[PDB]
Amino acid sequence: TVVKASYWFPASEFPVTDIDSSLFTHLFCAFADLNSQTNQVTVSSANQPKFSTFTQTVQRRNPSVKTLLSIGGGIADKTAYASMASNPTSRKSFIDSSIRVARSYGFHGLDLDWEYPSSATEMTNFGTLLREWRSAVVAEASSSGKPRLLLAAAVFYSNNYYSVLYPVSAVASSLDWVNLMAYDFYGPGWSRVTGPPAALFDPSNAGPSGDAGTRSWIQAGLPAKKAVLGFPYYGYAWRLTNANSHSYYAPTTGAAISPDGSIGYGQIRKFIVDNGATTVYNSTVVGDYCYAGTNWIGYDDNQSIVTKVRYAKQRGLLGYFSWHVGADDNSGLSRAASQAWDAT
């Protein structure tokens, strides 16, 4: 009916008890790993205590909240995932273990975060993996008598990944939904100019946008009620070449603030207060930015989040999610998101 979601990961150092579960319907705990020798889903011994208690802990502040265990993530070994998905026997050990782990750790479902299958070969295997995964959770629910495990996947902002097409049929028939990663569009690591890292819209049609990706997914066959629209609780910081040029697409000399420019929303708000920064909400792209001196940060603030949540609701999407729950400022963005959804 509605997904109001966020991701939690242990390196954020955000206590699980600090998640305001009343603001969410689903919480993602990230990340379980793929053992490349056994082809099984495993939780690292470091992650075992927090992952295993994640669900009952978040349920303290909202007994109705559901949880999913995410697998892979940004720094996963993609060759391992491709090898696993390539063979019926390795897919089976992945599927079976993933189901045992979820049940034993008390998760209500599983989320595959392979970012991203990067060939038609990998996409075919990916699609087959999902089909077998759905049959398997259906089989385990009939065999254990328990409610069926949920299945989701974090996916490219578009179904078209640099000319490689997701198997939309397999996605739509197998998964409860996909998490659309409509962010990381611009960063100083790959852009020599400033830009809206999660823009909902692009009038000039020169770059990515969440609206263009979402529409592309729907055109390709994804039911809207199987799309959950993602936004970042972080931004990217650039060093301006010239203080007097501070709009989108302004010249820069590289990253500021951190090595790849990334900075959590909480730290952005602090930057703003500490520096008395200029703040802009640009409604043409649906993106926020701020600057002080030669420091320029593009990110999502209140107005970006609220507009995106309203877009998600009005265009018939299942809901929204944020990366990540530990970067919000006292649940301000998540609280705004929920209230914006409920009022629309």
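In this text, residue numbers run from 1 along the sequence as written.
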When the Cα temperature factors in the entry are averaged, is it 129 to 137 or 254 to 262 that ends up higher? 254 to 262
Determine, for stretches 204 to 212 and 232 to 240, which one has the higher mean CA B-factor as deposited. 204 to 212
Among 304, 279, 39, 52, which carries the highest Cα B-factor? 39
Highest CA temperature factor in the entry: which of 104, 118, 158, 169? 169
Of the three thirds of its chain by CA temperature factor, lowest, middle or highest, which one includes residue 14? highest
Would the CA B-factor of residue 344 place it in the lowest, middle or highest third of its chain? highest
Mind checking which third residue 25 falls in for C-alpha B-factor across the chain? lowest
Considering only modelled residues of the same chain, in which third does the CA B-factor of residue 287 rank: lowest, middle or highest? lowest
Taking the C-alpha B-factors as the PDB entry records them, is residue 186 in the lowest, middle or highest third of its chain? middle
